[PDB]
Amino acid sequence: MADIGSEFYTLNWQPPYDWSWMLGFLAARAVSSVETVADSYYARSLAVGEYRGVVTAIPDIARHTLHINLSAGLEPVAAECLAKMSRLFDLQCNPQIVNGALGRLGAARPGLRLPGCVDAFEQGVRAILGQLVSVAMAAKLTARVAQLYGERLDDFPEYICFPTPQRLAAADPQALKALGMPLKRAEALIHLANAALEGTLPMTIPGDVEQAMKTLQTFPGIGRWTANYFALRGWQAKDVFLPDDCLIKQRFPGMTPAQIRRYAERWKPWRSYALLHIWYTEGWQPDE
């Protein structure tokens, strides 16, 4: 909780914004030695190009500001760090626009944002690992992977960087399997770690997301769900919906993974936010 840096920065957000939720979300999925989530505090190792360091983000609810502190090694690339924090926290979102379009589904938790990531690859590795297991177990698994293939910081030895596409492509699929996962999944990771290494995996949000996801689902281990939920968190595609999600079929009294594709149409172009509101709004039921 002691300033890891001398340089401080401020990012504005447009209320409303449920920070307890956000930080709750990220804390659950917090990978041990990579990131540290607490009450009004989030911290993590960060690689921007060849620059390394620690970032912390402290919300200030009174003045619609997020306070960012950077370690010295991250100063030369401050703007990009801030852009990563902004995509991680959805600071550019216009809640009024989203919520107004979500109509009734927006009402209960209007401060819900779309939790993003800091790195499209990192998000991709996460998307694969958290595939079938519980949110908690993915977290523990991903900590094991990072513990082995992650790079430590020279200035902050209690922090390690999320593993790069390099160390990860050079991974022994069996060493991965030993960290507690199917061969088919260790192989998935390595594939992705290779695509990203050779441009084949888009790091910035593609212009045609549906098209870009087509290409994704042709990856080993990556199907339609894993591809959709990655576009959402990895690219922060805001108009993505998952009709096949287990939790959604449940909230649709006998409805086919095609009938809902037409229901969720009513929430363009904010279907990602709609999806989230459904998950995290218990009281909610379709307008039958």
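One rule holds for the numbers: they count along the sequence shown, beginning at 1.
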As the entry reports it, the stretch among 7 to 15 and 260 to 268 with higher mean C-alpha B factor is 260 to 268
Would you tell me which stretch averages the higher CA B-factor in the PDB entry, 20 to 28 or 274 to 282? 274 to 282
Checking the entry, which one of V77, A72, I205, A186 has the top C-alpha B factor? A186
Using the entry's values, work out which of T36, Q250, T65, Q236 has the largest Cα B factor. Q250
Grab the CA temperature factor for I222 from the record and place it in the lowest, middle or highest third of its chain. highest
So where's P157 on the chain's Cα temperature factor ranking, which third? middle
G100: CA temperature factor from the record, placed by chain third, in the lowest
Chain-wide C-alpha B factor ranking for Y229, given as lowest, middle or highest third: middle
If you rank every modelled residue in this chain by C-alpha B factor, which third holds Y42: lowest, middle or highest? lowest
